[PDB]
Amino acid sequence: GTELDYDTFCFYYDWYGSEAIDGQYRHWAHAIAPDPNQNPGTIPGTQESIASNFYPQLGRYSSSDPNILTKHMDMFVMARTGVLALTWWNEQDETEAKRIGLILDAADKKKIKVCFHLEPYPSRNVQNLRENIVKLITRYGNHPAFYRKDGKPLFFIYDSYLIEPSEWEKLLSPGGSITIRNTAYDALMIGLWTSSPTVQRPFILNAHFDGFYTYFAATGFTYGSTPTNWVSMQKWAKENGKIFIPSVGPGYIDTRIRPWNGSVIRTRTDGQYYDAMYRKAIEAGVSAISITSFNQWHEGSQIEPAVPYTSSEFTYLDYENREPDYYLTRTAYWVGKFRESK
Ligand SMILES: OC[C@H]1O[C@H](O[C@@H]2[C@H](O)[C@@H](O)O[C@H](CO)[C@H]2O)[C@@H](O)[C@@H](O)[C@@H]1O
Ligand SMILES: OC[C@H]1O[C@H](O[C@H]2[C@@H](O)[C@H](O)[C@@H](CO)O[C@@H]2O)[C@@H](O)[C@@H](O)[C@@H]1O
Ligand code: NA
């Protein structure tokens with residue numbers, strides 16, 4: 001009825017600061033991105049003006065605040081989401097190491113598991129990826145909240161297409177020069193499916209990924225994030241021994257930090273958009289689902305509770321006519337439907 005689902009992975013961001021913990025409102029303050037097609041300015045992260053079109057129920061919180069982390073784990077329990085997929089940027093700073101330890105300890109108190117979402121950090125390549133996979137498994141592999149499926153850790157790899165299949169083969173083929181296959185550091189490696197099947201099918205096969213995900217909460221942003229393609233993507237995956245983990249989300253809007261990106265807006269329609277994405281994932285017959293996102297406030301994809309808020313700087317969007325915790329409860333509903341279908 002209410003147990004956590006360990007085939008549901010929710011993308012989680014630990015880059016927020018507060019004056020209480022960090023001494024600064026990190027990420028609530030954020031540079032405005034220049035138009036790809038310029039002195040754009042910065043959102044200052046004051047109470048009135050934050051880097052989101054929405055406004056958190058918990059305010060300008062710190063991701064290093066143990067009291068905030070506790071409340072977040074309670075929110076995961078409400079949503080029935082059993083795995084927290086943690087953004088990881090290879091910052092190599094004491095604050096990063098501290099935050100990962102706090103998140104693991106908080107998660108374990110509510111039986112939530114943690115896996116890593118490997119980001120496009122500077123000069124990312126298959127050698128430093130191996131070195132960082134080994135570090136992460138050695139440092140956190142014995143923590144009880146560290147996620148495993150059939151004895152293997154799992155990693156999502158954002159913008160995996162930035163590395164050529166001839167490089168991925170070295171790490172992920174059983175014969176690869178620096179392979180993790182059949183070693184103590186073997187893992188499930190889930191790459192990002194973006195574009196058409198004529199490009200993606202050979203990429204995934206040649207790179208030796210164990211599976212693929214789609215990430216984007218905005219329908220139609222890519223081929224992969226267009227749900228009418230998911231039945232055929234699942235059929236191809238099952239035929240080729242690959243795990244398909246489609247990404248579902250409640251909406252998208254990023255125009256505070258990207259004022260030129262309005263065409264990517266997807267409206268929430270009081271939950272109906274989320275319902276349509278989640279239904280299509282379940283209908284495709286997949287064995288795992290990813291949620292974009294718990295708390296990407298910059299991109300307006302969050303299921304974390306939000307509240308009404310107005311200032312002279314900006315009038316924020318909010319969840320009305322639904323209540324602030326609607327997207328947590330609606331997640332729990334769809335987790336129930338997914339479990340019926342497995
Ligand atoms: O939204 C601003 C944010 O964009 C980039 O991070 C990416 C986004 O969070 C989103 O597309 O998800 C990706 C996978 O988790 C992630 O790479 C970065 O440029 C970041 O610094 C920025 O704050
Ligand atoms: O430029 C806006 C766009 O930025 C990010 O996506 C970029 C890249 O990371 C993606 O792999 C490709 C997919 O086609 O698009 C961009 O180049 C995301 O933050 C995205 O949500 C945003 O719209
Ligand atoms: Na699982």
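Note that these values count all heavy atoms, side chains included, but never hydrogens, waters or copies made by symmetry. Just so you know, ligand 1 is whichever comes first in the structure, and atom 1 is the first atom listed for that ligand. Quick note: residue numbers are just sequence positions, from 1.
Among protein heavy atoms, the minimum distance from atom 3 (C) of ligand 2 is reached at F221 CZ, 4.1 Å. Protein heavy atom in closest approach to atom 10 (C) of ligand 1: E299 OE1, 3.4 Å. Of the protein's heavy atoms, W89 CH2, 4.0 Å lies nearest to atom 18 (C) of ligand 1. Regarding atom 19 (O) of ligand 2, its nearest protein heavy-atom neighbour is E299 OE2, 2.7 Å. At the shortest separation from atom 22 (C) of ligand 1 among protein heavy atoms lies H30 NE2, 3.7 Å.
Residues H27 and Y61 place their aromatic rings such that the two centres sit no closer than 6.0 Å. Centroid-to-centroid, the aromatic rings of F244 and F212 come within less than 6.0 Å. Between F209 and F203, the ring center distance clears the sub-6.0 Å criterion. Aromatic pair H72/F294: centroids less than 6.0 angstrom apart.
For ligand 1, the atoms sitting less than 4.0 Å from at least one non-hydrogen atom of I257 are 1 (O), 2 (C), numbered in the order shown with element in parentheses. Near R258, meaning under 4.0 Å from any of its heavy atoms, are these atoms of ligand 1: 1 (O), 2 (C), 4 (O). Set against the non-hydrogen atoms of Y215, the atoms of ligand 1 under 4.0 Å away are 10 (C), 11 (O), 12 (O). Close approach of ligand 2 to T222 (heavy-atom distance below 4.0 Å) involves ligand atoms 13 (C), 14 (O). Near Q296, meaning under 4.0 Å from any of its heavy atoms, are these atoms of ligand 1: 1 (O), 2 (C), 3 (C), 8 (C), 9 (O). Within the listing of ligand 1, atoms 11 (O), 13 (C), 14 (C), 17 (O) sit less than 4.0 angstrom from a heavy atom of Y158. When each atom of ligand 1 is checked for a heavy atom of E119 under 4.0 Å away, the hits are 13 (C), 14 (C), 15 (O), 16 (C), 17 (O). Atoms of ligand 2 lying under 4.0 Å from any heavy atom of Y252, numbered from 1 in the order shown and given with element: 20 (C), 21 (O), 22 (C), 23 (O). For ligand 1, the atoms sitting less than 4.0 Å from at least one non-hydrogen atom of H27 are 23 (O), numbered in the order shown with element in parentheses.
Side-chain contact between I50 and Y316: present, with at least one pair of heavy atoms (C-beta onward) separated by less than 4.5 Å. Contact check for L172 versus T179: no side-chain heavy atoms found under the 4.5 Å cut-off.
Residue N261 has at least one N or O atom closer than 3.5 Å to an N or O atom of ligand 2. Geometrically, ligand 2 and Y161 share a nitrogen or oxygen pair separated by less than 3.5 Å. For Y158, a nitrogen or oxygen atom sits less than 3.5 Å from a nitrogen or oxygen atom of ligand 2, counting backbone and side chain alike. In terms of polar-atom proximity, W15 is not counted as a contact of ligand 1, lacking any N or O under 3.5 Å from an N or O of the ligand.
Contacts of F11 with ligand 1, taken as heavy-atom pairs under 4.0 Å, are absent altogether. Under 4.0 Å from ligand 1, not a single heavy atom of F216 appears.
Partner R339 forms a side-chain hydrogen bond (donor to acceptor under 3.5 Å, both in side chains) with one of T8, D5, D7 and no other, that one being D5.
Of all non-hydrogen atoms in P324 and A306, the two that sit nearest each other are CB-O, 3.3 Å.
Between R268 and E320, no side-chain nitrogen of the basic residue sits less than 4.0 Å from a carboxylate oxygen of the acidic one, so the salt-bridge criterion is not met. Between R258 and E299, at least one side-chain N (NZ, or NE/NH1/NH2) sits under 4.0 Å from a carboxylate O, which counts as a salt bridge. The pair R99-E96 fails the salt-bridge criterion, with no side-chain N (NZ, NE, NH1 or NH2) lying under 4.0 Å from an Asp/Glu carboxylate O.
Within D7, OD1 is the N, O or S atom that lies nearest to the Na ion (ligand 3).
Counted by atom type alone, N128 and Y121 present one or more donor-acceptor pairs between their side chains at under 3.5 Å. The closest side-chain donor-acceptor pair between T46 and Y25, if any, does not fall under 3.5 angstrom.
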